[PDB]
Amino acid sequence: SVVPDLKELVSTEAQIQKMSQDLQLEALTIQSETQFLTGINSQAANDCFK
Amino acid sequence: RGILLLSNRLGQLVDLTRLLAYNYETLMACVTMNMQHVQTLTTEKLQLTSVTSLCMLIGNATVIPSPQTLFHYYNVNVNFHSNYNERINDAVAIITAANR
Amino acid sequence: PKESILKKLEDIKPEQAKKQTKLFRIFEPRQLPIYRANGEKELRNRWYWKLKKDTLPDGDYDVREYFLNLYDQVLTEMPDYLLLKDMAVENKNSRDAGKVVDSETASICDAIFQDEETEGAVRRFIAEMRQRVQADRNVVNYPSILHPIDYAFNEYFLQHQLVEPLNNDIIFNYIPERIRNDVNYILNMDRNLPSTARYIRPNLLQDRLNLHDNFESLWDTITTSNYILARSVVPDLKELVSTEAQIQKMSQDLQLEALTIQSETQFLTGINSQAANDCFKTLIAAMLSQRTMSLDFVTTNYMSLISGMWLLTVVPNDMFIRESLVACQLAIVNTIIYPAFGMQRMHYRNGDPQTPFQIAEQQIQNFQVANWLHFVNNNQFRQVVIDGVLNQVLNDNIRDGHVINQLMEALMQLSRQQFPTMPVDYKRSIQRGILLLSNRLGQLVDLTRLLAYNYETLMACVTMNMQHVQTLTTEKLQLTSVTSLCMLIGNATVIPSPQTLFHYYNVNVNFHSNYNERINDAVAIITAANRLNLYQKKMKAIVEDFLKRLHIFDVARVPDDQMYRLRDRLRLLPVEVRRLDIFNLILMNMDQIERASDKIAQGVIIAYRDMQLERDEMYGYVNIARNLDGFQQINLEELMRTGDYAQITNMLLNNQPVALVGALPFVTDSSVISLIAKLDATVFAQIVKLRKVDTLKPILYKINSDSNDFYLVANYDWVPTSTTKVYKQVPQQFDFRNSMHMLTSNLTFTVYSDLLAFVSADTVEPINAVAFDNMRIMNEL
């Protein structure tokens, strides 16, 4: 109830996108799309923080 | 490659440390109840999901506890305490009487 | 899109000949009444200096930032060179025309030359004040009036003119030191440059940013770019065995049938009148740009593999990604060489990492086979530096470059494994494909030559010191096309059109120039940004613009991170004389500017004790101290920052002699009264109520019993008692005679852009071209 909410974050989309460029996601490895359920960060961080 | 994203950002990750450092170190100040470290019976789920986000995802942001906010906090624990202590007395008093 | 990142490239015109007109001044002289001690207006009036545009703000911080913008403005207007023929004007007076410099200069003269000035000496001077030319040196002499600070500027602008000469020889010299030398080409020009030539210098220092260490993301984007650029060049192949014909004899040599399949899967290789051109281009750029590609094969198409061996013998494996060389080799090793060389036994078991070609080397014996292995395996790029200036070219092992005893050996080794075996038939289909390389080997010898040259040619014109890392977008290449190019070529001889080559140079050039330039533009700012304590102009700012100015990069689509790290490196970078040399100038006088000009002050004192006032001429005599000698202080900037510790609050409450400092709003009053009433002590109270101040408008008392309808007091006899004066220097006065300076420049210039164009480039007949060995490239009928 107290822990101040955060502000000025990096656009969700922007980062995750440079992320795929860097991440080399789908490169053989079978167990895809489990590292990107990361999203809702604009939230997740606030939650993780509090 | 992933590791690097921690590193570059590291210049900022720093910022995180400072943040908490302060906040906890601040808020805390206004707690009357003592607090011995105990192995609670219950947990609290923390998805590395969010964690990871906070991490590479924080900019030159800077937030802290609103004055008014802080007090409100003190105030509460306070009352609570007062009640605990008080009832305690109210309690004891009776019980002892109850005996003689 | 494919050719949507190319229009963002060829459309980059960084070559901008920056020039100027208006002489850069900041303060125009102006009128104002004279107030002799005693305070009367003695008439005649005098001329002083006040700034054009008092913009200056409230708050030391806002001030500092303001100047900063000036720096940005200075640079964007930074005169790349000068010339005054274009600055003419006419003196209304003098021994004659006179032609002076800049309208303002003119005005002023005519002006003073009427309003009863200091007489003679002035009018006089204004007269025998003119121009004069010393043709013999191209020099020019023009008179000009400015201000110590003005001569200051304009001066250096003259003593630096980033414009050198330009003789035939220099043009010749800017044509890559390995092309003028390459025989196969010729050059010729249609004109003889005048002694009046000039040329700008596209500067191209190295990646002062080592954009490859950690930033991979960006390299990939560069490579890509540099790559497309290359294809745009890569010559389009010529005449090669009509598709149908070859593929037809192809079916023959092998012996086909009905449900008896073998070689049949080695023909989705047909299309080459598309594949060969693609495979060809693709290969070069890859190298040049230095991009890393992948591999799309099939385990049933062995032919497609054979050709692989063609490839691999070439491009030093490191050029291909890891997981690709891995597949490839093992596929060869386990289905082509062991399996029909009675060496099967163990169909070769490999379980990831270490090197699979390699290990086959130290395993089986056979010389022919054995040389291939070492030459291929340990084959790499020759990390070469200088090439007629820090080109830093990754080169191809002399050997390969046409001294293709590689190909001949690659074939001899193939001519000798086709001896032993195991699964009866299988050998039929495999060795038959192998032979198709051998007959063609007369021509294969060629393909090598081609690339050899091309890459080795195009090369030179890449000031962008390319290196050797790992891409991350991995361009895709099929053994399909490869295989096509291979058997389907010969007789032909192709080469880089002149015009083509230049165009290439030109681009990288600009680009470079931009990179280097923005870099300087970048640095300059940042450093300035520091000796200014702007703890609030959060830099996420500069980086952004920077990147943008070199289109290609989708700014919004790139995180804050990398960006900072980008600053971290920039910070350690030296500025450039030009850039630097100017900032030193702005600061050095900074003070002087601020102090002068109205709308602002500096600070105020509060001595709770009656006291005198200076008797300056400009203003009547008022509340001013140019020293604040003694008393204490308190930076306001740090105050409203820190949050005020009632330190001030207390002193104000208790009344103690004190001073204040920083940007401030002055306020002029008249009716003496105000003073006797001591109004000036009021104002302060406020603060007490509001921790912060800006609502603080201090007071000044312009007192000249002349214009102050309340002279009633100047009467008796007096002498100005005040409590609290103001920190603010005094607008200097104007000494014309000296105020003027003299100027030098040049007459009739001749600036040129682009260059090159001045040459008609021709080419020898294809049939007899030459490589770095003086041998006819393409000598197999």
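Of the peptides C:714-722, C:96-104, C:652-660, the ranking by mean beta-carbon count within 10 Å, highest at the top, reads C:96-104, C:652-660, C:714-722. As a calculated quantity, the FRET efficiency between B:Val38 and B:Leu4 at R0 = 35 Å, using C-beta atoms, amounts to about 0.30.
By the beta-carbon count within 10 Å of each Cβ, the least crowded to most crowded order of C:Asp60, C:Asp560, fewest first, is C:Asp60, C:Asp560.
Candidates C:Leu205, C:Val89, C:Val693 compared by Cα position along the dipole of chain C: farthest toward the positive end lies C:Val693, with charges placed on Cβ. For chain B, the relative contact order is 43 percent, taking Cα pairs closer than 8 Å that sit 6 or more residues apart in sequence and dividing their mean separation by the residue count. When only C-alpha pairs under 8 Å and at least 6 residues apart count, what is the relative contact order of the stretch C:153-254, in percent? Computed over the stretch C:153-254, the figure is 26 percent. Shape analysis of the protein assembly as shown places it in the oblate category; the axes a ≥ b ≥ c from the Cα gyration tensor give an a/c of at least 1.5, with a/b not above b/c. Report, in whole Å, the centroid distance computed from the Cα atoms of the stretch C:436-499 and the stretch C:67-137. Between the Cα centre of the stretch C:436-499 and that of the stretch C:67-137, the gap is 64 Å. The slack in the chain from C:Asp352 to C:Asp717, taken as 0.36 nm per residue of separation less the alpha-carbon distance, amounts to 120.9 nm.
Charged neighbours of C:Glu90, selected by a Cβ distance under 11 Å, balance to +1 (K, R count +1; D, E count -1). Suppose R0 equals 60 Å. What FRET efficiency, 1/(1 + (r/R0)^6) with r the Cβ-Cβ distance, do C:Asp96 and C:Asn214 give to the nearest 0.05? With a Förster radius of 60 Å, E is 0.30.
Listed by chain and number, the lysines whose alpha-carbon sits under 29 Å from that of A:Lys50, ignoring those within fewer than 8 places in the same chain, are A:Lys7, A:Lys18, B:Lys45, C:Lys538, C:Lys540. Under the classification rounded if a/c is under 1.5, otherwise prolate if a/b is larger than b/c and oblate if not, where does the stretch C:124-177 fall, given a ≥ b ≥ c as square roots of the Cα gyration tensor eigenvalues? It comes out oblate by the Cα gyration axes. Just to be sure I understand: of the beta bridges DSSP finds with both ends in chain C, what percent are antiparallel, rounded to 5? Just about 75 percent of them are antiparallel. Cβ crowding within 10 Å, taken as a proxy for footprinting-reagent exposure, orders C:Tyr727, C:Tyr608 from fewest neighbours to most as C:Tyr608, C:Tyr727. Seen from C:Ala625, the other residues with C-beta closer than 9 Å to its C-beta sum to a net charge of +1, counting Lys and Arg as +1 and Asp and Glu as -1.
Put in line by how crowded their Cβ is, counting other Cβ atoms within 10 Å and starting with the fewest, C:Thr299, A:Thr38 read C:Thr299, A:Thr38.
Under the convention that each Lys and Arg Cβ holds +1 and each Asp and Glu Cβ holds -1, the size of the dipole of the protein assembly as shown around its Cα centre is about 700 debye.
Kindly identify the stretch C:49-147 as rounded, prolate or oblate by the Cα gyration tensor criterion: order the square roots of the eigenvalues as a ≥ b ≥ c, call it rounded if a/c is under 1.5, otherwise compare a/b with b/c, prolate if a/b is larger, else oblate. Oblate is the answer for the stretch C:49-147, as a/c is 1.5 or above yet b/c matches or exceeds a/b. When the Cα positions of C:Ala541, C:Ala276, C:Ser497 are compared along the charge dipole of chain C, C:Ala541 comes out farthest toward the positive end, with charges on each C-beta of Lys, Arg, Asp and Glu. Taking each DSSP H run with n ≥ 4 as -39500 (n - 2.57) and averaging over every residue of chain C yields -11000 deg cm²/dmol at 222 nm. Could you grab the relative contact order for chain C? Cα pairs under 8 Å, six or more apart, rounded to a whole percent. In percent, rounded to a whole number, it is 22. With the simple spin-label model, which puts each label point 7 Å out from Cα in the Cβ direction, the C:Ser438 to C:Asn69 separation comes to 8.1 nm. With Cβ to Cβ distances under 13 Å as the rule, what net charge do the other residues near C:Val764 carry (K, R +1; D, E -1)? Here the count lands on -2. Each label point was placed 7 Å from the Cα along the Cα-to-Cβ direction; for C:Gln467 and C:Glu28 their separation is 5.4 nm.
Quick note: the coordinates plus some simple rules give every number you see, no bench work behind them. Neighbour counts run over all protein chains shown; Cβ positions are idealised from the backbone, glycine included.
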